[PDB]
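J.:
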Amino acid sequence: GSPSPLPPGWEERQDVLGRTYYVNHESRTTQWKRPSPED
Numbered sequence: 005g006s007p008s009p010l011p012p013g014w015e016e017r018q019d020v021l022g023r024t025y026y027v028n029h030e031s032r033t034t035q036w037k038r039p040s041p042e043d
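Numbering-wise (the numbering used here), the sequence shown opens with residue 5 and increments by one.
1. Could you compute how far the alpha carbon of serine 6 sits from the alpha carbon of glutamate 15?
2. From the DSSP secondary-structure annotation, give me the bridge partner or partners of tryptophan 14.
3. Classify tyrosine 26: buried if its beta carbon has 16 or more other beta carbons within 10 angstroms, exposed otherwise.
4. Roughly how many angstroms separate the alpha carbons of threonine 34 and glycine 13, rounded to a whole number?
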């Protein structure tokens, strides 16, 4: 596990395919790119 400075609730993840997708625990919104700090 590595500390990524992301917006609250957001985490950097990957699936078995290797495409790095993020996910927010709040709404379970997943993103293929990095979440802008507009939170």
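Even for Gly, the Cβ is constructed at its ideal location relative to N, Cα and C.
T.: In terms of the structure at hand:
1. 10 Å
2. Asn28
3. That one is buried.
4. Approximately 11 Å between the Cα atoms of the pair.
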